[PDB]
Amino acid sequence: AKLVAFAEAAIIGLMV
Amino acid sequence: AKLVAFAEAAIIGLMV
Amino acid sequence: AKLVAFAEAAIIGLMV
């Protein structure tokens with residue numbers, strides 16, 4: 001799956 | 001180069 | 001905010 005990172009502090013990596 | 005990420009678990013980052 | 005990574009050596013992550 002492709003991985004996307006987000007900064008919200010924490011980093012969240014969500015998959016597609 | 002840009003790093004593109006995938007997760008298959010091992011995470012792989014490839015250079016573009 | 002989404003993060004984008006680059007490999008320049010060091011890795012740089014920039015917020016979008």
# chains A, B, ... in the order shown; residues from 1 in each chain; ligands from 1

call {"tool": "residues_around", "arguments": {"residues": "region 6-10 of chain B", "least_positions_apart": "5", "cutoff": "10 Å", "atoms": "only C-alpha atoms", "output": "PyMOL selection string"}}
result
chain A and resi 1-4+14-16

call {"tool": "select_by_dssp", "arguments": {"residues": "chain C", "states": "strand (DSSP E or B)", "output": "NGL selection string"}}
result
:C and (2-7 or 11-15)

call {"tool": "write_last_selection", "arguments": {"atoms": "N, CA and C atoms", "output": "PDB file, in the first residue's frame"}}
result
ATOM      1  N   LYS C   2      -0.079  17.548   5.223  1.00  0.00           N
ATOM      2  CA  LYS C   2       0.715  16.453   4.639  1.00  0.00           C
ATOM      3  C   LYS C   2       2.212  16.772   4.665  1.00  0.00           C
ATOM      4  N   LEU C   3       3.026  15.739   4.789  1.00  0.00           N
ATOM      5  CA  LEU C   3       4.468  15.842   4.763  1.00  0.00           C
ATOM      6  C   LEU C   3       4.987  15.263   3.456  1.00  0.00           C
ATOM      7  N   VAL C   4       6.006  15.903   2.906  1.00  0.00           N
ATOM      8  CA  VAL C   4       6.698  15.407   1.720  1.00  0.00           C
ATOM      9  C   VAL C   4       8.177  15.202   2.042  1.00  0.00           C
ATOM     10  N   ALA C   5       8.758  14.054   1.708  1.00  0.00           N
ATOM     11  CA  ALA C   5      10.202  13.804   1.907  1.00  0.00           C
ATOM     12  C   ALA C   5      11.039  13.818   0.847  1.00  0.00           C
ATOM     13  N   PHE C   6      12.246  14.363   1.078  1.00  0.00           N
ATOM     14  CA  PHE C   6      13.285  14.416   0.047  1.00  0.00           C
ATOM     15  C   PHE C   6      14.612  13.943   0.629  1.00  0.00           C
ATOM     16  N   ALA C   7      15.408  13.362  -0.250  1.00  0.00           N
ATOM     17  CA  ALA C   7      16.768  12.932   0.072  1.00  0.00           C
ATOM     18  C   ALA C   7      17.702  13.849  -0.691  1.00  0.00           C
ATOM     19  N   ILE C  11      17.952  13.641   4.809  1.00  0.00           N
ATOM     20  CA  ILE C  11      16.541  13.665   4.446  1.00  0.00           C
ATOM     21  C   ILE C  11      15.925  14.945   4.973  1.00  0.00           C
ATOM     22  N   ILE C  12      15.081  15.559   4.137  1.00  0.00           N
ATOM     23  CA  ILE C  12      14.336  16.742   4.521  1.00  0.00           C
ATOM     24  C   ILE C  12      12.858  16.475   4.339  1.00  0.00           C
ATOM     25  N   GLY C  13      12.072  16.833   5.358  1.00  0.00           N
ATOM     26  CA  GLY C  13      10.624  16.680   5.308  1.00  0.00           C
ATOM     27  C   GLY C  13       9.952  18.008   5.438  1.00  0.00           C
ATOM     28  N   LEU C  14       9.138  18.372   4.451  1.00  0.00           N
ATOM     29  CA  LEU C  14       8.531  19.679   4.427  1.00  0.00           C
ATOM     30  C   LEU C  14       7.027  19.553   4.485  1.00  0.00           C
ATOM     31  N   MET C  15       6.406  20.470   5.228  1.00  0.00           N
ATOM     32  CA  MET C  15       4.955  20.441   5.457  1.00  0.00           C
ATOM     33  C   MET C  15       4.256  21.149   4.323  1.00  0.00           C
TER      34      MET C  15
END

call {"tool": "decode", "arguments": {"residues": "chain C", "atoms": "N, CA, C and O atoms", "output": "compact mmCIF listing (two decimals), in the first residue's frame"}}
result
# COMPACT_ATOMS: atom_id res chain seq x y z
N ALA C 1 -1.33 18.73 8.38
CA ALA C 1 -0.71 19.02 7.08
C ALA C 1 0.09 17.86 6.54
O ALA C 1 0.91 17.26 7.24
N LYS C 2 -0.08 17.55 5.22
CA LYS C 2 0.71 16.45 4.64
C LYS C 2 2.21 16.77 4.67
O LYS C 2 2.62 17.94 4.60
N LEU C 3 3.03 15.74 4.79
CA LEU C 3 4.47 15.84 4.76
C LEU C 3 4.99 15.26 3.46
O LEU C 3 4.49 14.23 2.99
N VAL C 4 6.01 15.90 2.91
CA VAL C 4 6.70 15.41 1.72
C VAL C 4 8.18 15.20 2.04
O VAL C 4 8.79 16.12 2.54
N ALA C 5 8.76 14.05 1.71
CA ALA C 5 10.20 13.80 1.91
C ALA C 5 11.04 13.82 0.85
O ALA C 5 10.72 13.45 -0.24
N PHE C 6 12.25 14.36 1.08
CA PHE C 6 13.29 14.42 0.05
C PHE C 6 14.61 13.94 0.63
O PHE C 6 14.93 14.14 1.81
N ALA C 7 15.41 13.36 -0.25
CA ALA C 7 16.77 12.93 0.07
C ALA C 7 17.70 13.85 -0.69
O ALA C 7 17.74 13.83 -1.93
N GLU C 8 18.48 14.63 0.06
CA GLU C 8 19.39 15.61 -0.49
C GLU C 8 20.81 15.33 0.01
O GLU C 8 21.15 15.67 1.14
N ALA C 9 24.70 13.24 2.89
CA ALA C 9 23.31 13.61 2.48
C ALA C 9 22.37 13.47 3.66
O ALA C 9 22.58 12.68 4.59
N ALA C 10 21.25 14.24 3.58
CA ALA C 10 20.26 14.17 4.61
C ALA C 10 18.89 14.08 4.00
O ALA C 10 18.70 14.39 2.80
N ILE C 11 17.95 13.64 4.81
CA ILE C 11 16.54 13.66 4.45
C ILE C 11 15.93 14.94 4.97
O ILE C 11 16.20 15.38 6.11
N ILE C 12 15.08 15.56 4.14
CA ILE C 12 14.34 16.74 4.52
C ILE C 12 12.86 16.48 4.34
O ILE C 12 12.43 16.00 3.29
N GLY C 13 12.07 16.83 5.36
CA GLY C 13 10.62 16.68 5.31
C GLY C 13 9.95 18.01 5.44
O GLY C 13 10.17 18.79 6.39
N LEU C 14 9.14 18.37 4.45
CA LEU C 14 8.53 19.68 4.43
C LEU C 14 7.03 19.55 4.49
O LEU C 14 6.46 18.60 3.92
N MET C 15 6.41 20.47 5.23
CA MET C 15 4.95 20.44 5.46
C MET C 15 4.26 21.15 4.32
O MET C 15 4.64 22.26 3.91
N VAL C 16 3.17 20.54 3.90
CA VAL C 16 2.26 21.05 2.85
C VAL C 16 0.89 21.24 3.51
O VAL C 16 -0.13 20.92 2.92
